[PDB]
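Asks: I'd like to ask some things about the structure below.
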Amino acid sequence: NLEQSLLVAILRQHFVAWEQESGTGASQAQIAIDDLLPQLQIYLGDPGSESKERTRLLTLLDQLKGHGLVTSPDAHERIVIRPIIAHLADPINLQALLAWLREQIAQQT
DNA sequence: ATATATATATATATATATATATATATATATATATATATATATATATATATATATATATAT
C-alpha cells in the first residue's frame, strides 16, 4: 500500500546514503525513529498526535519485519535496515513514486 | 472435413491490511446487608402514700 511504499523508498535512500558514507556492505545501516517520523508526517500528514504517528510507524515496521526488511526497535529507539533491500525488484519505480510525492506535497498546499 | 489445443477475456476466490465491534477479564466504586453501642420501652419486686371502702361509733 502507499504508506509501505513510502517507507521502503525512504529506507532504500537512507541505506544507499549509508553505503556511500561507509562503503557497500561494510557496516549495518541504522536509523532513529525520531528521524523517520518527521518525514512520514511530511509525506502523509498528521494523524492527530505523536502517539498515533508512532503507532502507525510501529505497525508498518512490523509489516516490513514480516518481509525481512527491518529489525525490531532496540534500546535506542533505533532500527537496522536489512541488506535485502539492495536486491529489491524495481528501485526506479520507488524513485518515481518519491518524485510524485515531493510534487504532491508542494501542489497540495 | 471434425476436433485439438493455446491465448484471451472475465467471473470468482484468496491474500493482506485497516478499522471497528466484540468477548473475556480485571478492578472499581456502589449498595445491601449484618453487627454493634446506645437509648428507650416493658415488665417486675418492694414499698409508700393514697383513694375508696368496710366496718363501725355515734346520733335522732
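Residue numbers (my numbering): 86 to 194. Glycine included, C-beta positions come from ideal geometry on N, C-alpha and C.
Of all the beta strand (DSSP E) runs that stay within the bounds of the region 147-175, which reach a length of 3 or more residues?
Replies: Those beta strand (DSSP E) runs which fall completely within the region 147-175 and span 3+ residues are 163-166.
Asks: Should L87 go down as buried or exposed, given a rule of 16 or more other Cβ atoms within 10 Å for buried?
Replies: Exposed, because fewer than 16 other Cβ atoms sit within 10 Å of the Cβ of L87.
Asks: Measure the C-alpha to C-alpha separation of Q115 and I166 and round it to an integer number of angstroms.
Replies: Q115 and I166: Cα-Cα distance of roughly 6 Å.
Asks: Please report the straight-line C-alpha distance between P168 and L186, rounded to a whole angstrom.
Replies: For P168 and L186, the distance between alpha carbons rounds to 25 Å.
Asks: Pick out whichever of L146, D175, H152 and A174 has its Cα sitting closest to the Cα of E162.
Replies: Here the closest residue by C-alpha is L146.
Asks: Measure the alpha-carbon distance for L96 versus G151 and round it to whole angstroms.
Replies: Rounded to whole angstroms, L96 to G151 spans 16 Å at the Cα level.
Asks: If you run the structure through DSSP and keep just helix, strand and coil, what is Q115?
Replies: Strand.
Asks: So the candidates are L129, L92, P123 and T109; which of them puts its Cα closest to the Cα of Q189?
Replies: The shortest C-alpha separation from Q189 is found at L129.
Asks: Who are the near neighbours of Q124 in its chain, counting only those whose CB is closer than 8 Å to its CB and skipping five residues on each side?
Replies: Only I95 meet the Cβ criterion.
Asks: Comparing alpha-carbon positions, which option in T194, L179 and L154 lies nearest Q98?
Replies: Nearest C-alpha to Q98: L179.
Asks: In the structure shown, what three-state DSSP assignment does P123 receive?
Replies: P123 falls in the helix class under three-state DSSP.
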